[PDB]
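Next up is one chain by itself, shown in structure tokens, the form deposited in one PDB entry.
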């Protein structure tokens, strides 16, 4: 479907003849189509589309419910592969993060040791 302009917006033309958008409610103007927020990626890493990738299929079993077929690998599974992707993507980063924290924690420690050790000597 083609979205219509939200309530109380207006198109206008520049001298140039370019289109811009008048938002009367807020007494503002813009080069940006307001419905672009729904139809445009919001980042060079964003995709609006959540299509299953080539070879995957949605399926419904009356006993078991929704499930997914992977024709690439002659496989079926319950879990949305998209969801499991995002999960194990995140789990990858979330512990890649935690090792870096472990690293600094140690290296900060290895120099705190050179001081703390020199300290106990006085206690003699």
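Numbering follows the first chain given and starts at 1.
One more form of this protein, deposited with a partner chain bound, exists but is not displayed; see below.
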item	value
Single option in 89, 49, 39, 77 placed near the partner chain in the deposited bound form, where near means a heavy atom within 4.5 Å	77
Heavy atom of residue 98 within 4.5 Å of the partner chain in the deposited bound form	no
The partner chain contact in the deposited bound form: residue 109, any heavy atom under 4.5 Å	no
Touches the partner chain in the deposited bound form: residue 14 (any heavy atom, 4.5 Å)	yes
Residue 20, heavy atom within 4.5 angstroms of the partner chain in the deposited bound form	yes
